[PDB]
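Report on the following structure.
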Amino acid sequence: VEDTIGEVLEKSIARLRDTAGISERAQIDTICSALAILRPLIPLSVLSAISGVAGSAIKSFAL
Amino acid sequence: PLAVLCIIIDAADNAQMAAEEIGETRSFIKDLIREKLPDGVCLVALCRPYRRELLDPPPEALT
């Protein structure tokens, strides 16, 4: 339905950064950079191991 | 019935520079910009381009 893809997602991620704790704001960008480079069936263990972020943080971010 | 009240803060960055130069962190504008005002009032600030991020706008702000 979006005639110009990705606008609302940009707006959503910015707001989701602004309301987090001040320790979290490096880890959010780490997760985004990790998801922008891997092959498309990512297990959570390798993602956590190469990012240093806990699994529950990734899961709550995605929810 | 269509009147407005305008509040203007000139030199907004200087107030934050003076606060951080003596060991504080929260000048009045840095709190006031995130507060919710009644209807029919508008809030405008002015600053230099390279100092804008001292006062840290929220995502709703217009530039």
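So basically every Cβ, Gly included, is an ideal-geometry build from the backbone, and we count neighbours across all protein chains shown. What follows draws every value from the coordinates through simple rules; no lab data is involved.
The table that follows gives values for the structure above.
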quantity	calculated
Qualifying residue in segment B:8-18 (condition: surrounded by fewer than 13 Cβ atoms within 10 Å (Cβ to Cβ), more than 22 Å from A:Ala14 (Cβ to Cβ) and of a type in the set (S, T, N, Q))	no
Qualifying residue in segment B:23-41 (condition: within 14 Å of chain A (Cβ to nearest Cβ), within 21 Å of A:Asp18 (Cα to Cα) and loosely packed, with under 10 Cβ neighbours inside 10 Å)	yes
Residue within segment B:32-55 that is out of contact with any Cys (no Cβ under 9 Å at 6 or more places or on another chain) and of a type in the set (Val, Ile, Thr) present	yes
Condition met for B:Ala3 (away from chain A (no Cβ under 14 Å) and surrounded by 12 or more Cβ atoms within 10 Å (Cβ to Cβ))	no
Criterion violated by A:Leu16 - all others in (1) away from chain B (no Cβ under 14 Å); (2) within 13 Å of the chain's Cα centre (by Cα); (3) of a type outside the set (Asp, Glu); (4) in a helix (DSSP H, G or I) satisfied	(1)
Total residues in segment A:19-35, condition under 17 Å from A:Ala62 (Cβ atoms) and either more than 14 Å from chain B (Cβ to nearest Cβ) or touching a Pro at 6+ places or on another chain (Cβ under 7 Å) (or both)	10
Test for B:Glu60: is it free of Cβ contacts under 8 Å to residues at least 40 places away in the same chain, assigned to a loop (DSSP other than H, G, I, E, B) and either farther than 26 Å from A:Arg17 by Cβ or within 14 Å of chain A (Cβ to nearest Cβ) (or both)	yes
Complete set of residues in segment B:42-57 that are within 14 Å of chain A (Cβ to nearest Cβ) and over 20 Å from A:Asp18 (Cα atoms)	none
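Per-residue answers, yes or no, for (1) surrounded by fewer than 10 Cβ atoms within 10 Å (Cβ to Cβ); (2) under 11 Å from the mean Cα position of the chain (by Cα); (3) closer than 22 Å to B:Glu60 by Cβ:
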| site | (1), (2), (3) |
| --- | --- |
| A:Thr4 | yes, no, yes |
| A:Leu9 | no, no, yes |
| A:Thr30 | no, yes, no |
| A:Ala49 | no, no, no |
| A:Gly55 | no, no, no |
